[PDB]
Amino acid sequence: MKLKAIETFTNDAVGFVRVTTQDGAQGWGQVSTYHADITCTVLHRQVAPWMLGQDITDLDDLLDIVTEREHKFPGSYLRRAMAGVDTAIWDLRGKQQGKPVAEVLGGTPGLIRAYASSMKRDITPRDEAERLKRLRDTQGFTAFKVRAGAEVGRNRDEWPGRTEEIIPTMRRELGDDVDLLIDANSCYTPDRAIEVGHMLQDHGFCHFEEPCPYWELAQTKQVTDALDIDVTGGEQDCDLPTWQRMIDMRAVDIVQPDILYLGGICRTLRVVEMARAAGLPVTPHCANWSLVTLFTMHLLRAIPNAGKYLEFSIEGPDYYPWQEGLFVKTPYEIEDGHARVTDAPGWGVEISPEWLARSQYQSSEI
């Protein structure tokens, strides 16, 4: 229908969005995490003005108008902001139809296999394998991702030999009955990445993520065509034209869009379409317990070319202190290695009234 108001409730780490249509119906979404306060300022300054009082039936076209009206601001922030209104609108639709978003998207509620994703690089290989082994046995995870090199470390490792050690260590401690994934986070050059690539293949890994600087498509494509193991990437890509370019030249084997970094469900679905047309699987990026993971769970239960599993961060409050207490009831309980999309209308989650009380509020209305 038509939007009458857009409100944001945020702190520096995460911000939630509530949209209200003319008839009074409301929906809840979330902008991308990290510097969420800046993102919400951008939302009211450059997104709300173009969406308020407009028909949201053709959301794709409306979001395009936003980016065209703000064409002088290509990049992350505008899209992180857009994602908040988009996701709130989908929650609205689900609640209006009495269906979870997965169903509105043409899918069905149910379980989704998840892979335990480690975010740490400072942690020692021994301690990593140890905590992931406990999760394998207590939570039922059958897929695990660890870190390689140093974050955008210009070919330098977290420390001499960490990557060499962590590769075999993980396969040794977790056994041969689990899937192993690794993420270099744009640390290596095509050649250094190829070196590491072989060490990975020798130990059974099946996922080599962001081996080279993500903005250097060519370098990445060199690794992808040089290795047999799957090379993946795309989490930092929020530009659709660049997405099409990446998929046409096939710089990767698996595409990994982040629903919120990309600009919402609608825009992510465009990448999903580009991916299937090229016959590529979609394994989204979602690295924390904000709503980004839940949004991805609904998406994976609806798209025809979904990857093998849902990225599920296994970090605690020491890494993500801000994600504690966000919801009345967490939607992230794991059941034998799987997450669950329930039949609750919309996203099926409630933002903590206490968290909202402490948030910074801002509204845009017509």
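One rule holds for the numbers: they count along the sequence shown, beginning at 1.
Trainee: Higher average CA B factor in the deposited record is what I'm after, so tell me if that's 270-278 or 174-182.
Mentor: Mean C-alpha B-factor is greater for 174-182.
Trainee: Looking only at CA atoms, which has the higher mean B factor in the entry: 320-328 or 51-59?
Mentor: According to the entry, 51-59 carries the higher average C-alpha B-factor.
Trainee: For the CA B factor values reported in this entry, which option in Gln256, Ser290, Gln219, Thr296 has the top one?
Mentor: Highest C-alpha B-factor among the listed options: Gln219.
Trainee: Go through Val85, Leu92, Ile112, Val152 one by one and give the residue whose Cα B-factor in the PDB entry is largest.
Mentor: The C-alpha B-factor peaks, among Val85, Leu92, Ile112, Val152, at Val152.
Trainee: Ranked by Cα temperature factor within the chain, is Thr21 in the lowest third, the middle third or the highest third?
Mentor: For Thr21, the deposited C-alpha B-factor lands in the middle third.
Trainee: Lowest, middle or highest third of the chain for the C-alpha temperature factor of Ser76?
Mentor: Lowest third.
Trainee: Splitting the chain's C-alpha B-factors into thirds, which one does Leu240 fall into?
Mentor: Middle third of the chain for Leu240's C-alpha B-factor.
Trainee: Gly264: which third of its chain by C-alpha temperature factor?
Mentor: Tercile = lowest for this residue's CA B-factor.
Trainee: How does the C-alpha B factor of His285 compare with the rest of the chain: lowest, middle or highest third?
Mentor: Lowest third.
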